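Two forms of a single protein chain come next, each set out by itself as structure tokens; they are called structure 1 and structure 2.
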Structure 1
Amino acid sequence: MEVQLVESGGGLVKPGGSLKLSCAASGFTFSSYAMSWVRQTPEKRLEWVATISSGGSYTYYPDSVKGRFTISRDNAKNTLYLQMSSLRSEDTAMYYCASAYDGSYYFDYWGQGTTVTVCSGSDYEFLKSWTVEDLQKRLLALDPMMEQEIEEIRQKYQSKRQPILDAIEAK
């Protein structure tokens, strides 16, 4: 089997909230390698998040998450975990699980990533004074709001695709 890393557990979280990520490893001897988490912010900046030794005795964190995030592993289930707590707006990112080759290089295989979205705490305070009809109205005007912007992305990429398709046809 080829190496596979599958992250899960991402989703929507309120400021100060908590969330635990998992990474299911297959296709290699999980217990023989150090493992890490790396996140990519919406600006596409890559940030190392945490690393754990092959047997779990040694952990490493940058100060941005230390005391808030915990990396752990279960070598019998071939699973890596990231416990996130006291979450901040700056923690919104796609979170990647990656294996190491200890002593040689840091991130030699990466998973597909799982998205963690920390909402803004300002909304919760704002709509606390809103009526039920006014609340339910905005909720309804949101689904066509979304499906419109999703269609505009499809059209944009349909236009990007045509010149490539046309070039292939002109061969």
Structure 2
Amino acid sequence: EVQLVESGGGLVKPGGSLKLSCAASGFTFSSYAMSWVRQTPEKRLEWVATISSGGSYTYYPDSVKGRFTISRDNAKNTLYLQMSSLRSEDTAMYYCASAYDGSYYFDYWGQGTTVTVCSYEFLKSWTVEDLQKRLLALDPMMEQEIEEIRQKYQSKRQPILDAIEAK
């Protein structure tokens, strides 16, 4: 069946560039339009780009026009999204989705790859071992934030478990 996997996301500085790739598997890739749709950290959906079944027609919203370029290779069954001059508003989870030309826009979505714009290094140019211990000091703080998330979800799971046991 339809299987779309996405890759290429990661860290990037403001004004940097990055290219995302979506590998399609399970259908004739050249008979359906493709699109990129991103989801902000505030869980808001935004349409990024749309390319026709063969690539002769591309569509972008004014927010990413000129900076983003959608493309496709029907022989490799791959979809591409080239990003340049990346801004802080582009930090989101990017999904690649298939279309049905003339009926609906997004019928099957991939798992999504996260692009995070990284906004400080002028001061860090100093003692090397002090940088080493600052990098190791950041780890317990991450573990505590992760444990806070785990504790919150433990509280969320408790009523469901209680209802299961109360049967």
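Along the sequence of structure 1, residues get numbers from 1 upward. Think of the rigid core as the biggest set of C-alphas that the two forms share within 1.5 Å after superposition.
Looking at 26, 129, 104, 57 after a core superposition between structure 1 and structure 2, you find that only 129 has a C-alpha shift of 2 Å or more. In the core-superposed comparison between structure 1 and structure 2, the CA atom of residue 95 travels 0.4 Å. After superposition on the rigid core, the Cα atom of residue 140 is displaced by 2.5 Å between structure 1 and structure 2.
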